[PDB]
Amino acid sequence: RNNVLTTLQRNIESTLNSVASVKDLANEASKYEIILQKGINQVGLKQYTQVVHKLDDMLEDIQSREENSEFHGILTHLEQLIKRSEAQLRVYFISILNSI
Amino acid sequence: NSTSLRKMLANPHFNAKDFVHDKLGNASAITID
């Protein structure tokens with residue numbers, strides 16, 4: 001049953017956005033420039049990191065798409081919010097890992 | 001046919017996720033809603 005999650009709901013939950021559209025990812029990715037620019041501790045553990053799986057997994061099948069202008073602009077907005085998030089992550093890592 | 005499509009095609013992603021945009025990719029975005 002953990003395999004039923006881990007096989008069926010795993011790649012089912014992955015291929016939710018097997019086809020998914022172009023503008024909506026800019027909309028809710030911009031809403032993850034809302035939520036990803038709320039910090040970590042406001043947002044929370046799998047909240048923050050799973051939203052990183054939502055832009056990670058919103059940059060996801062776009063390598064599978066085609067080249068319009070919104071393709072490149074969403075590559076910029078996505079990947080720069082990605083590395084803002086990653087920098088904030090390692091900041092928080094080091095922030096507690098010499099809190100001693 | 002969400003049993004056939006949802007259950008039988010992309011639940012384990014066999015076959016791949018882009019063919020649903022390709023083998024079912026001709027002006028059927030209503031059916032994708």
# chains A, B, ... in the order shown; residues from 1 in each chain; ligands from 1
>>> residues_around(residues="segment 60-63 of chain A", least_positions_apart="6", cutoff="12 Å", atoms="only C-alpha atoms", output="ChimeraX atom specification")
/A:14-22,25,52-54,70-72,74-75,78-79 /B:16-21
>>> interface_residues(of="chain B", to="chain A", cutoff="10 Å", atoms="only C-alpha atoms", output="ChimeraX atom specification")
/B:6-7,9-14,16-22,24-25,29,32-33
>>> residues_around(residues="segment 83-89 of chain A", least_positions_apart="5", cutoff="10 Å", atoms="only C-alpha atoms", output="PDB file with N, CA, C and O atoms, in the first residue's frame")
ATOM      1  N   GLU A  33       6.460  33.342  -6.098  1.00  0.00           N
ATOM      2  CA  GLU A  33       7.260  34.492  -5.728  1.00  0.00           C
ATOM      3  C   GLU A  33       6.532  35.310  -4.673  1.00  0.00           C
ATOM      4  O   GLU A  33       7.144  36.156  -4.016  1.00  0.00           O
ATOM      5  N   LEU A  36       7.319  31.960  -1.814  1.00  0.00           N
ATOM      6  CA  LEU A  36       8.754  31.750  -1.633  1.00  0.00           C
ATOM      7  C   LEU A  36       9.487  33.006  -1.197  1.00  0.00           C
ATOM      8  O   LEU A  36      10.631  32.913  -0.742  1.00  0.00           O
ATOM      9  N   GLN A  37       8.878  34.175  -1.336  1.00  0.00           N
ATOM     10  CA  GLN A  37       9.446  35.378  -0.741  1.00  0.00           C
ATOM     11  C   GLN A  37       8.697  35.755   0.526  1.00  0.00           C
ATOM     12  O   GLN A  37       8.451  36.928   0.807  1.00  0.00           O
ATOM     13  N   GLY A  39      10.013  33.880   3.204  1.00  0.00           N
ATOM     14  CA  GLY A  39      10.986  33.261   4.077  1.00  0.00           C
ATOM     15  C   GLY A  39      10.753  31.770   4.237  1.00  0.00           C
ATOM     16  O   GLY A  39       9.882  31.167   3.611  1.00  0.00           O
ATOM     17  N   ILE A  40      11.582  31.155   5.077  1.00  0.00           N
ATOM     18  CA  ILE A  40      11.412  29.735   5.367  1.00  0.00           C
ATOM     19  C   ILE A  40      10.489  29.533   6.560  1.00  0.00           C
ATOM     20  O   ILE A  40       9.527  28.758   6.494  1.00  0.00           O
ATOM     21  N   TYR A  48       7.791  24.966   2.379  1.00  0.00           N
ATOM     22  CA  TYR A  48       8.825  25.634   1.587  1.00  0.00           C
ATOM     23  C   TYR A  48       9.453  24.669   0.595  1.00  0.00           C
ATOM     24  O   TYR A  48       9.398  24.891  -0.619  1.00  0.00           O
ATOM     25  N   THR A  49       9.996  23.554   1.101  1.00  0.00           N
ATOM     26  CA  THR A  49      10.722  22.621   0.244  1.00  0.00           C
ATOM     27  C   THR A  49       9.811  21.938  -0.760  1.00  0.00           C
ATOM     28  O   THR A  49      10.246  21.610  -1.867  1.00  0.00           O
ATOM     29  N   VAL A  51       7.140  23.466  -2.063  1.00  0.00           N
ATOM     30  CA  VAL A  51       6.951  24.482  -3.096  1.00  0.00           C
ATOM     31  C   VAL A  51       8.177  24.545  -4.008  1.00  0.00           C
ATOM     32  O   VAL A  51       8.048  24.754  -5.225  1.00  0.00           O
ATOM     33  N   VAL A  52       9.367  24.276  -3.461  1.00  0.00           N
ATOM     34  CA  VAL A  52      10.535  24.079  -4.313  1.00  0.00           C
ATOM     35  C   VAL A  52      10.345  22.848  -5.189  1.00  0.00           C
ATOM     36  O   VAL A  52      10.771  22.829  -6.347  1.00  0.00           O
ATOM     37  N   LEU A  78      11.513  31.312 -13.046  1.00  0.00           N
ATOM     38  CA  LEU A  78      11.637  30.049 -12.326  1.00  0.00           C
ATOM     39  C   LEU A  78      13.030  29.861 -11.747  1.00  0.00           C
ATOM     40  O   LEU A  78      13.185  29.812 -10.528  1.00  0.00           O
ATOM     41  N   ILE A  94      23.450  26.767   7.577  1.00  0.00           N
ATOM     42  CA  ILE A  94      24.585  27.332   8.291  1.00  0.00           C
ATOM     43  C   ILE A  94      24.112  28.134   9.498  1.00  0.00           C
ATOM     44  O   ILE A  94      24.803  28.190  10.527  1.00  0.00           O
ATOM     45  N   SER A  95      22.904  28.701   9.412  1.00  0.00           N
ATOM     46  CA  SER A  95      22.334  29.511  10.484  1.00  0.00           C
ATOM     47  C   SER A  95      22.135  28.711  11.755  1.00  0.00           C
ATOM     48  O   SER A  95      22.320  29.232  12.860  1.00  0.00           O
TER      49      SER A  95
END
